[PDB]
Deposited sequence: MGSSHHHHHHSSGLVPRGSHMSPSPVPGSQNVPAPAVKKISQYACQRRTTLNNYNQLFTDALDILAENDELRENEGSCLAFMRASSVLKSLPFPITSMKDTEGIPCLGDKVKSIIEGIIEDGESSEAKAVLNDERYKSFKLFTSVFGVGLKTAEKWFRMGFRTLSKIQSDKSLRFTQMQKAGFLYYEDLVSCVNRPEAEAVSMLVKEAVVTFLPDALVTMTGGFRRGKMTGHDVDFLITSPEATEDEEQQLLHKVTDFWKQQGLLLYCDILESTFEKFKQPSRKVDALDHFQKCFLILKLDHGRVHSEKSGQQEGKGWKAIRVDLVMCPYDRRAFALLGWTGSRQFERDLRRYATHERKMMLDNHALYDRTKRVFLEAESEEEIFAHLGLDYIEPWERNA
């Protein structure tokens, strides 16, 4: 029996139901834009469960026993089986608001509010936005427009590895015992991504050393002429606070959102313009004792993380977030040195990172 929870399913990158899930993902994204959280969640859970199937749906009978497939979703599946297309997803792809919101938020520094603002001002193209003489842009948006073509092109694995080398070389310069781990999609086996994410932790660093590392590393890159954009968010981490009860938990660790200048020479690929590429990089610094919780949170996918936290609360009376695991019955925080220990605390079979593509 297929579980309703992504944390009790193995979801690998061989999706046999891309025809259905691409349509469901479009409908979920449109519901996010239309602020319909409930309908968004229903399409996300249906898309997630189909992604886990070891075979393609080729008839309605194949959906028997699959959870998270309501009547609305089953009508969409039926329509795709009928002529290989989703009329519902096709209408979203041709909607002017949907097209504008996708296009505008593809700019680094542009979220839902700015995209809505520009749409209601009558803008439909990035060319008209960039060349407007009345619009005022944030420093994040200026970087987003300046490096747009590089940021919209997918980061591949040779580039992600080249970035890992740069991160490790910079980090060990100030903290030689630091452990740097690539997280996100690349850790789940993806060939491409919009960015490269890293978790940094040090077993011997002090509270002050931990705080100063991201400042030291970015100043070093600024001196090297590699820092194209930098925003450091200070830690709001609380050592003894209970984990988040929220559906989508906030991360309180010190982090930075960067744009790095990646020289082509540092990339060992099969394959060149200006000779460098702008790469979005995120760095997270966490206390050594919380490294397993942070790794599990930053590895994703977003759906796998939502279901882990939902399962912990509803099935185990536990509270899980990127910083800790709390047992409400035993009234104790549960320690973990690895992700495997977190899964064992939760009574779950271990799900490999490449199996968390929910």
Walk along the deposited sequence from position 1 and note every stretch that has no C-alpha coordinates. 1-38, 310-313
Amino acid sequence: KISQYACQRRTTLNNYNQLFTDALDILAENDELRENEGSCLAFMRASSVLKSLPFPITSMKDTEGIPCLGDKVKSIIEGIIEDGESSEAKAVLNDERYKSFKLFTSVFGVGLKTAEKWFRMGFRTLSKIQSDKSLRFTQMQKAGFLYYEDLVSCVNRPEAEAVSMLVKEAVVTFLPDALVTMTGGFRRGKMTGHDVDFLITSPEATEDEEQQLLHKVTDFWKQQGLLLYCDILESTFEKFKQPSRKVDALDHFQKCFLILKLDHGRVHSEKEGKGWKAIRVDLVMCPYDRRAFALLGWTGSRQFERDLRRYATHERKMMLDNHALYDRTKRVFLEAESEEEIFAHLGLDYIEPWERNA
From here on, numbers count along this sequence of modelled residues.
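Under this definition, the rigid core comprises the largest set of C-alpha atoms superposing within 1.5 Å between the forms.
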Out of 27-35 and 43-51, which shows the greater rigid core-aligned C-alpha deviation in 6 other deposited structures of this protein? 27-35
Please establish whether a third or more of the other compared PDB entries omit coordinates for residue 124. no
Other compared entries: residue 272 unbuilt in at least a third? yes
Comparing 157-165 with 171-179, the one whose average Cα B-factor in the PDB entry is higher: 171-179
Taking the mean of the C-alpha B-factors per stretch from the entry, tell me the winner out of 243-251 and 126-134. 243-251
Largest Cα B-factor, entry values, listed residues 141, 100, 192, 211: 211
One of 188, 120, 280, 222 has the largest Cα B-factor in the entry, namely 222
Using the B-factor values recorded in the entry, state whether the Cα atom of residue 316 falls in the lowest, middle or highest third among the modelled residues of its chain. middle
Cα B factor band for residue 62 (lowest, middle or highest third within the chain): middle
Relative to the other modelled residues in the chain, which third contains the C-alpha temperature factor of residue 292: lowest, middle or highest? lowest
Chain thirds by Cα B factor, record data; residue 237 belongs to the highest
Tertile call for residue 184 (CA temperature factor, within chain, third-based) is the lowest
